[PDB]
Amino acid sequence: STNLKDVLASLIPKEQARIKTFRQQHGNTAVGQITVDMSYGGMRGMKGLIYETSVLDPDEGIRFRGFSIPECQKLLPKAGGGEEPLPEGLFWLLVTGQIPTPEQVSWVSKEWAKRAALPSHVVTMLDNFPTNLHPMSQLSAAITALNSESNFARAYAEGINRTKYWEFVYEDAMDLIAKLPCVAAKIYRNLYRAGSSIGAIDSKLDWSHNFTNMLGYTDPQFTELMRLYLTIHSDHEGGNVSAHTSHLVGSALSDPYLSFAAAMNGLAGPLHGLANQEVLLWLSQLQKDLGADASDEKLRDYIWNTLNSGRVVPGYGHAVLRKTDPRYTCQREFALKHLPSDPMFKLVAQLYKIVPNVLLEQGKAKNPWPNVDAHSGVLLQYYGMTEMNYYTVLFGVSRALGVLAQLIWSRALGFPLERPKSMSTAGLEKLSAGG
């Protein structure tokens, strides 16, 4: 009765027409300029991509198809007896642009349970990886290796007409989402629960719940945390490194598996998703040097040492946001409700009072406020997930939702190869006169 694929089939042609006409009227309209400083500055401030699923406001934070986090929390379907939004529902919203019914949500849950299966070659590879190989590397290689299963890759090789790309992208996307938790959980078990098994998928549970069972966690509040985590880490517009990388690779017609694996390699960078892990490592050294209950002046000192040593303070700052990330606020509120007295949380809370002032004093950061990565690990640690090198894997799993939702649209809308023009310093100087 419910079939997302049938819903998209109706939506596609209309969006195609609307963009066609808009472009007819305003294709040559200028929306901005490019300066020397923007080229040298990693395109900061350049409007360079169309990405439909979410849009980030520098002051207000992210909107998912027009809704803020508080709105989603409020509108999206929850688990029975639950309080946090189910990521399945967030997926529906991103893809269709409409708030799903609970019935629609349960269909997604079933679909993902049905498609969850790992090929033996992938199981083998994971089982043979050494324990010093970083979890994000293990994740990316496994996803790359899953491409033997790609339906898009297969149809392409068979000569499918370009107009049908979206259909095969959608299949691969739902298959990949389905398989992610099995990949991620097998890594977790092999690394940290050596000799145990992930077990099997229960077609009757929500995606987050099967995931936490495979991770081996029983706490019900942990399940709720996982639901919220996976929902809020989902998408963050198109120019962030992971999304942009998936977009750019997907534009060459690489299949969703290859596109998502490349994105993971970008998420593994210390300036991107790896910050969630870095925050915890920095806090551990903190508590270690200073010891649990530090004074304000000592925290300052410690922050300064980092800055003075030519390092960044993880979890603070943003390329676009200019105010406190609502994703951070959202986490804080969860902590205040569930683990108000945890000492680490307490430390994280104290840094909120300090860090921004030091960054401001330093005068370099454009945004001295915290970002999502500053509050995520702390929540995880409380529930027993102390393996900090694994944190980014959770972010990867969530991020699949948003990048794949857009990927289906990029192909539906016929977006071409992403290929800007580059310039050398010497050539740019000439273009101007030099300096």
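Residue indices: 1-based, along the sequence shown. The term rigid core refers to the most C-alpha atoms you can superpose between the two forms while keeping them within 1.5 Å.
Take 300-308 and 169-177, fit the other structures onto the shown form by the rigid core, and average the C-alpha distances in 4 other deposited structures of this protein: the farther stretch is 300-308. A fit on the rigid core, followed by a root mean square over CA positions in 4 other deposited structures of this protein, ranks 187-195 against 248-256 and picks 187-195 as the more shifted one. In this entry, 340-348 has the higher mean Cα B-factor, the comparison being between 260-268 and 340-348. For the segment pair 228-236 and 98-106, the entry gives 98-106 the higher mean B-factor, averaged over Cα atoms.
Within the group 332, 179, 204, 186, the record's highest C-alpha temperature factor is found at 204. For the set 309, 284, 246, 277, the PDB entry assigns the largest Cα B-factor to 284. In the deposited entry, the Cα temperature factor of residue 402 sits in the bottom third of values across the chain's modelled residues.
Among all modelled residues in its chain, residue 28 ranks in the highest third by Cα B-factor.
Ranked within its chain, residue 219 lands in the middle third, by CA B factor from the PDB record.
Looking at the C-alpha B-factors along this chain, the one for residue 431 belongs to the highest third. Residue 55: CA B factor lies in the lowest third for its chain, per the PDB record.
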